[PDB]
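Reviewing the structure listed below.
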Amino acid sequence: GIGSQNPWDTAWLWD
């Protein structure tokens, strides 16, 4: 994601 809760994905966390 870009700032969800899961581990850092595209940007922040994994939405």
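Following the order of the structure tokens, chains are lettered A, B, ..., residues in each are numbered from 1, and ligands are numbered from 1.
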
Original post:
Counting only C-alpha atoms, what is within 7 Å of residue A:5, bar same-chain residues fewer than 4 positions away, as a PyMOL selection string?
Top reply: chain A and resi 13-15

Please produce a file of the residues just selected, as a short mmCIF file (atom, residue, chain, number, x, y, z; two decimals), in the first residue's frame, where the atoms kept are N, CA, C and O atoms.
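Output saved as result28.cif:
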data_model
loop_
_atom_site.label_atom_id
_atom_site.label_comp_id
_atom_site.auth_asym_id
_atom_site.auth_seq_id
_atom_site.Cartn_x
_atom_site.Cartn_y
_atom_site.Cartn_z
N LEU A 13 3.44 0.37 4.79
CA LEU A 13 2.55 -0.73 5.18
C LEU A 13 1.98 -1.41 3.94
O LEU A 13 2.32 -1.05 2.82
N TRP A 14 1.11 -2.39 4.16
CA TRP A 14 0.50 -3.11 3.05
C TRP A 14 -1.02 -2.96 3.06
O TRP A 14 -1.72 -3.78 3.66
N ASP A 15 -1.52 -1.93 2.40
CA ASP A 15 -2.96 -1.70 2.33
C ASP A 15 -3.65 -2.82 1.57
O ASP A 15 -4.27 -3.65 2.21
#

At a cut-off of 7 Å, using only C-alpha atoms, what residues contact residue A:2? Leave out same-chain residues fewer than 2 positions from it and give the result as a PDB file with N, CA, C and O atoms, in the first residue's frame.
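Saved as result_11.pdb:
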ATOM      1  N   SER A   4      -0.900   1.760   4.993  1.00  0.00           N
ATOM      2  CA  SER A   4      -1.988   1.030   5.614  1.00  0.00           C
ATOM      3  C   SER A   4      -1.629   0.574   7.028  1.00  0.00           C
ATOM      4  O   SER A   4      -1.413   1.395   7.918  1.00  0.00           O
ATOM      5  N   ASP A   9       4.568  -1.871   1.889  1.00  0.00           N
ATOM      6  CA  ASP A   9       4.323  -2.363   0.542  1.00  0.00           C
ATOM      7  C   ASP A   9       4.890  -1.386  -0.488  1.00  0.00           C
ATOM      8  O   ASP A   9       6.091  -1.114  -0.498  1.00  0.00           O
ATOM      9  N   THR A  10       4.028  -0.855  -1.350  1.00  0.00           N
ATOM     10  CA  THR A  10       4.464   0.089  -2.366  1.00  0.00           C
ATOM     11  C   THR A  10       5.131   1.296  -1.713  1.00  0.00           C
ATOM     12  O   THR A  10       6.184   1.750  -2.159  1.00  0.00           O
ATOM     13  N   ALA A  11       4.519   1.806  -0.649  1.00  0.00           N
ATOM     14  CA  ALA A  11       5.075   2.956   0.056  1.00  0.00           C
ATOM     15  C   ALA A  11       5.188   2.667   1.553  1.00  0.00           C
ATOM     16  O   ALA A  11       6.282   2.421   2.064  1.00  0.00           O
ATOM     17  N   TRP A  12       4.055   2.697   2.254  1.00  0.00           N
ATOM     18  CA  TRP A  12       4.048   2.439   3.685  1.00  0.00           C
ATOM     19  C   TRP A  12       3.017   1.363   4.024  1.00  0.00           C
ATOM     20  O   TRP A  12       1.869   1.428   3.588  1.00  0.00           O
ATOM     21  N   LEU A  13       3.439   0.368   4.793  1.00  0.00           N
ATOM     22  CA  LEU A  13       2.555  -0.729   5.176  1.00  0.00           C
ATOM     23  C   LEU A  13       1.980  -1.407   3.941  1.00  0.00           C
ATOM     24  O   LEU A  13       2.324  -1.055   2.816  1.00  0.00           O
ATOM     25  N   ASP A  15      -1.519  -1.929   2.395  1.00  0.00           N
ATOM     26  CA  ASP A  15      -2.959  -1.696   2.330  1.00  0.00           C
ATOM     27  C   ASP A  15      -3.649  -2.823   1.567  1.00  0.00           C
ATOM     28  O   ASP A  15      -4.274  -3.650   2.211  1.00  0.00           O
TER      29      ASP A  15
END
